[PDB]
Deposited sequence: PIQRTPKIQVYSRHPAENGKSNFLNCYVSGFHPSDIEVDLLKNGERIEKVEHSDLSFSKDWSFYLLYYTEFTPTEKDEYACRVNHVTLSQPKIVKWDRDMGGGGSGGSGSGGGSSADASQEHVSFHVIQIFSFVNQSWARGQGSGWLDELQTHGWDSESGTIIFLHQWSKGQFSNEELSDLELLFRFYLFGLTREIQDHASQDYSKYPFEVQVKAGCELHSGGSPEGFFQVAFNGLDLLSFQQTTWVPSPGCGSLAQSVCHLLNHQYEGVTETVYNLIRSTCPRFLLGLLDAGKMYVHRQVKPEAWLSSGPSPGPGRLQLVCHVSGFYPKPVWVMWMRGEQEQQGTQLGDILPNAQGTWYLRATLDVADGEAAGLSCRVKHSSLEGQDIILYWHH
C-alpha cells in the first residue's frame, strides 16, 4: 500500500510526417507501488528495442518512468503505450495520434534507491544517479558496480575514488538490508532519496530522505536526523538508532552529502559542458487535439527539443493572449532536451486567425509564430 494510478503521456519528438523517421516518447508517472509493466506497441505487437530510464520518483514519492523508441508515422500503422498496474482493471492502451497531438537557481544531484520487500527471503532492489531530471548513473545489482551512462558520468573523479565509493555502497546496502531483514514479526516498499542541491552563491544543501510504503518516514536536517510526524514510532526508533547507537555512520553520510556530492556534481557539470549542449532551438508544430464537443475545436501547439528549460508558449489573437490557453507539463525528450505542448478550446468559427507564439532563450529574440488554418 497505498495505491496511486499512473498518468500516461505519449508524444512525438518531431512533427509527424509519413515515412519520415521520428521518436515516440512515453512518460509514465504518478504511480505507486513500483511494480509496473510499460510497453510501446506497433500495431498491437510489443516493440522490443526500446530505451527506458531507470525508476525514479518525485517529491510526492510517486514513481515515474520515461520510455522511447524510433518510429515512423504512416497512414496504416498504429502506435501505442500500454501500461499495466495493480490500480488498473485492464491494461491501458493509449494511442499516439497525429491529429490528437500524441495522446495521454540551483542544480541537484541525487542517488535514488527503491527496495521492494515481498517477504523475508525475497526482495527487489534498484538505484540510480540523477543530475537534475537527467539520469547519469545506473547500478548493476549482481556485481555491485556503478554503471556510467555517459562519457562524462565519471565527472572528474579518479578511478580509485569511484572504486572506494562502489565498496562503500556495497557495505551500506549489506548493512541496511541486514537491518531491515531483522525486525520481523508483510509486503512493503522502501524509497531513499539522498544527495545535494547546489545553489547560486555556492551554498550546498544536503538531503537524505526515506519513505515507507510511499509514506514520508525520516530525513536529515543540518547534522540531525528528523522523523516526519506520524507518529511514527518506527521512524522515531530508527532515527534515535542513527542519532546515537551507531553515530559515525552519519559522519560518513554528512561528509558524503556535504562534501564529495557537491564536488562530484560540479565535476559532472564540468565534464558535461564539453559534449553538449549549451542551447538548442526548439522546433514547433500545430495539430488538432481531442474534440472538446460538438461544434468546437481543440488547437494543440507543440514545442519540442528546447534547452535550457524556461519557455514561454501562448495562444494568441494578434497581441492578445488567449485566456483559455492550457500549458501541459514540460516533458523529457529522447536525448536530453525538452518537450511542452499548449492547448486551447475554441468554437469552429473563431478558429481562424489564432497563432501559437513561442519564446525561448535560444531563439535570439526572434519568436516562433505558427498560424492555425484549415
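In sequence order, the deposited residues that have no C-alpha coordinates form the ranges 105-120, 202-206.
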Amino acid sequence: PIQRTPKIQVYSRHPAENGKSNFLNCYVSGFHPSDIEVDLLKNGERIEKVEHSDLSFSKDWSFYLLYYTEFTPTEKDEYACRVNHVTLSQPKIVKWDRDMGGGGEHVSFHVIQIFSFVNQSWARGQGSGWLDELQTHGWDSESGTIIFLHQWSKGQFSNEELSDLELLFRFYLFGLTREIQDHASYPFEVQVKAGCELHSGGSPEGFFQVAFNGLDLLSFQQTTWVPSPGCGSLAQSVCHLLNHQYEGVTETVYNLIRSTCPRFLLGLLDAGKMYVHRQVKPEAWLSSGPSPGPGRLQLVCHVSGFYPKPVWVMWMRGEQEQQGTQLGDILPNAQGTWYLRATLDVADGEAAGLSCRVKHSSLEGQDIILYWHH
From here on, numbers count along this sequence of modelled residues.
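In this entry, the higher average B-factor at the C-alpha atoms falls on 147-155, of the pair 147-155 and 286-294. 259-267 and 172-180 differ in mean CA B-factor, and the higher of the two is recorded for 172-180.
Looking at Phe109, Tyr79, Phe208, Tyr275, the one whose CA carries the top B-factor in the deposited record is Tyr275. Looking at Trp130, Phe71, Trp96, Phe220, the one whose CA carries the top B-factor in the deposited record is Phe220. The PDB entry assigns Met316 a C-alpha temperature factor belonging to the middle third of its chain's modelled residues. Compared with the other modelled residues of the chain, the Cα B-factor recorded for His240 ranks in the highest third. Annotation for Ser53: C-alpha temperature factor in the lowest third relative to the rest of the modelled chain, per the entry.
The PDB entry assigns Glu350 a C-alpha temperature factor belonging to the middle third of its chain's modelled residues.
In the deposited entry, the Cα temperature factor of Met100 places it in the middle third of its chain's modelled residues.
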